[PDB]
Amino acid sequence: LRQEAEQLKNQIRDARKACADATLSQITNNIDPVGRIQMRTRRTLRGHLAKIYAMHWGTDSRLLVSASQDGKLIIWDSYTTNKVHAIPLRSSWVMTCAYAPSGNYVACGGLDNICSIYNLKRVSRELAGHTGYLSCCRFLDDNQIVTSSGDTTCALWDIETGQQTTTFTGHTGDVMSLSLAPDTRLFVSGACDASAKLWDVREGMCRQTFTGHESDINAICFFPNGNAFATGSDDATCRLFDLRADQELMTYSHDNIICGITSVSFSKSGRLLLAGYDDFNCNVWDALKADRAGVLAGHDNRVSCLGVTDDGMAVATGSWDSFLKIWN
Amino acid sequence: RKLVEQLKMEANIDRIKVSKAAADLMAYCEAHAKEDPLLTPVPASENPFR
Amino acid sequence: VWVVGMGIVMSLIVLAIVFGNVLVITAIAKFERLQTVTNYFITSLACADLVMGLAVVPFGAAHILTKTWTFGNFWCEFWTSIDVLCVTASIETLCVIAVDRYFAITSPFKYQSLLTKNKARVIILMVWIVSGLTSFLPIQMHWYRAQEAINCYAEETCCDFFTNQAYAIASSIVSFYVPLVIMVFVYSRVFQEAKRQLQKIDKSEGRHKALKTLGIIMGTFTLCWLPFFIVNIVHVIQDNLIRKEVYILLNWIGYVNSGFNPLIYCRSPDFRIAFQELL
Amino acid sequence: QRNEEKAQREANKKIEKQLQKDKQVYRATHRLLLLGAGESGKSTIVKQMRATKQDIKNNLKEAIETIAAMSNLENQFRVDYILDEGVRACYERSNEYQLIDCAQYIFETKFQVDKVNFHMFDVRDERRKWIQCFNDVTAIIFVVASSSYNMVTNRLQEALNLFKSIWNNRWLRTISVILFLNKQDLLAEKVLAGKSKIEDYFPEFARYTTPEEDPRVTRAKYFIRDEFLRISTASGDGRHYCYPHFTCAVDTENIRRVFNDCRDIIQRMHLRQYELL
Ligand SMILES: CN[C@@H]1CCc2c(ccc(O)c2O)[C@H]1O
């Protein structure tokens, strides 16, 4: 009966252990360290009503969108530091935000189990097929929008149609973060049941599913090469998995670090992994060397989200203190 | 019952050697590191912020 | 050599008043978190303390220690005007902060709504503006002037002030006496609110320190100024009673209050957070 | 050329002006969260605080579907059409088998502003990660069913287990909790009449005695509060206070009761600051 699945689980684990030939740290040891990295607030972006939960760089990298629990969604111009458009949200609380690759539409999530896409150039559509709060929204094109909800079922909507084109379901715990890859084909979603599985948009089947962590998975993000991704657990440890190897490549954790993790984002070249925390600080660790390189603690409250521009010029970080610091 | 099917789906997967995956990822982080302002800050004139 | 030894103690007092209020004032602008809602008044008191400390206090040490006021007569009068406002500001700022604590506790659900950042600037500026009507007379006007040591005003050596009996009664009231009624009455009603809450919790759960906590706020202010302003009213109506040396001793007792002011003002984790970056 | 920067300044000024206007409104508004257990009847007090007909039929149909009562254990053909003597047994078995609808028969709210505007709203997830997103609410109305010992680990014990989840979260480290002992009359009703004593469900009931209606209900009434108080007693250290005043079946003063408790919630919060008390 279920023993065969358990036997299959043992068979899957055996292949991963057998496929392990050498350790990443052993190979990366000869690599020269990046050295100490110091970042400063080249801009000091602020002026929102309450604590924010989401932040997303625009495709052009000129603009960023941040949504707070106050219900006000405002798109902020980083260069001029002047707010561009402030669109109130119908739902009192919002939990996620997204920006269009074309820049035409801005998407804001919600804890009211309804996802709504706004038109910059007037809410366009409202999507509520999924049950429970929406965790993360991100759409590759103006036609298909990917949202992960608390119903343990992440689905890709059709913006024009307004209905669920496909449903990627069967995940153990509540899905808390969804990350899209530059190739736009496959996307990795992380749930609260420590399971990190990578889906396929067209196939709808979980090609690979990793469960290295022990605690709930908070956020995930891809590398520029699109062949690997990193996830951060509610436990202090954050790991990076190689998709072609289906294993945990390197485990990132400091003995001193004991607080939670709320965001994760690589760099333009991927060498510098910037990881947020609830410890009011963001720590930048070398992806290859697997060692801590530099820390920055400009934020005062818990950091919520962090992202890097498409050009990679500078990083942004959210905060529950309503002050989003644009580090450089 | 779907988990048995789901496990069977992942039962046979084309796997690349972790050593090979590491080396390719290391090169992807090596050759592409040149154009990284975070790795090396550019001039304050070149950087729109400063 | 007694003066030289006395000057060493006087040297520390000027230094203590400098860094004591500046550190609180520096933290108010250094960290944005504590800058917005409260300690905005505490910065005004700290700013008032800095003026009294860095400017008014050291010249007083020069006045007593040296032979006489070597500086000019105009600046001698200017010193009294600047000293009057600084002393009047700290008492008023403490009363304004005293209203802050009372107006919040006694009238919740409206304190957050009624008070505003612009409203805080209006009240804070009003304290300085009200201090203007107390400092306008000694410098711009000449109503401050007193035959008892009348030549002292004319003489360039001694800058000791002899003031009309009319000005002393009114100025002392506007400076310390009037806010004392406000500070005591506001805090007395607050002590009732804290006492009521403690009794309510006792009935709610089967299983005070407030008196000590509220005692230092009112006690330090009273124990540092009351002997002075009692003496100030005394001499204006009874000139033969006061001893000249006694007046100066009580005069420097009240200046130490601005130096010890920060301890009463900002002793909390946020103040401890200020020492975190400066350590 | 340079007019673009000036144009953005006007838009930024307009946005900042509009945001500043809403800043007073947001600060004025008081936010509450109604965390209520299933079958506790939190909607009942919510209705009291604040074409329908086929609403009654739906509850009756849902009750009829649960009256599933035969599965837990002539008219069978009649029962098949719908899917009495059996009703009485089902009502007796309704203690074990869940019956949400009464046998007798992200939602939001804008509570009456009165002194200060208050907009309360609620949010069934076992993980309950949504709770950690809330740290600014002044207080949380935690409606618990007093007559839960008969139901179902007992339902009341499961409800008591919520405090362990609620307070050990540490995300709501500065949020008080208000709980209403709903169905207090119903709780006494089962208690007053001879039935399964709470000692059978809660063993330590016999050892417990009244603190310093019949005493049988009165002693029982305090014990549930005392059990709730004991959990809230430990690890409080201020900023975490449980206001346990009972709530009857019908009490229009319940809305006024919250406001009186709400004032003590803010006042105790301010007294915590400045270390005055
Ligand atoms: C050296 N004595 C000074 C000058 C006179 C004066 C003081 C304090 C409060 C007043 O209202 C005054 O008019 C004292 O600090």
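Numbering of chain A is taken from Swiss-Prot, so the residues present carry the numbers 7-127, 134-340, in order.
When the header is checked for method, it gives electron microscopy, 4.1 Å.
Every residue gets a Cβ built from N, Cα and C, even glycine.
Record features (Swiss-Prot):
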- A:46-94: repeat 'WD 1' (REPEAT)
- A:141-181: repeat 'WD 3' (REPEAT)
- A:182-223: repeat 'WD 4' (REPEAT)
- A:224-267: repeat 'WD 5' (REPEAT)
- A:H266: phosphohistidine (MOD_RES)
- A:268-309: repeat 'WD 6' (REPEAT)
- A:310-340: repeat 'WD 7' (REPEAT)
(request) Check the deposited model and tell me the whole-number distance in Å separating the CA atoms of A:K127 and A:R134, where 6 residues are unmodelled. (result) 9
(message) What are the sequence-distant neighbours of A:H266 (phosphohistidine), meaning same chain, six or more residues apart, C-beta distance under 8 angstroms?
(response) A:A248, A:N295, A:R304
(message) I need to check the long-range neighbours of the repeat 'WD 6' (A:268-309): which residues 6 or more away from its ends have a CB within less than 8 Å of a CB in the stretch?
(response) 30-31, 34, 37, 39-45, 230-237, 242-246, 248, 250, 252, 262, 315-321, 323-324, 327, 329-330, 339
(request) Determine which residues of the chain contact the repeat 'WD 5' (A:224-267) at the Cβ level, with the cut-off under 8 Å and only residues 6 or more beyond its ends counted. (result) 22, 25-26, 30-31, 185, 188-195, 200-208, 210, 273-278, 280-282, 285, 287, 295, 297, 299, 302, 304
(request) Could you tell me what the rest of the chain brings near the repeat 'WD 4' (A:182-223), counting residues at least six beyond its ends with Cβ under 8 Å? (result) 144, 147-150, 152-153, 156, 158-166, 168, 229-234, 236, 238, 241, 243, 245, 253, 255, 258-260
(message) Going by DSSP assignments with H, G and I as helix and E and B as strand, what are the residue counts for the repeat 'WD 3' (A:141-181)?
(response) 0 helix, 21 strand, 20 coil
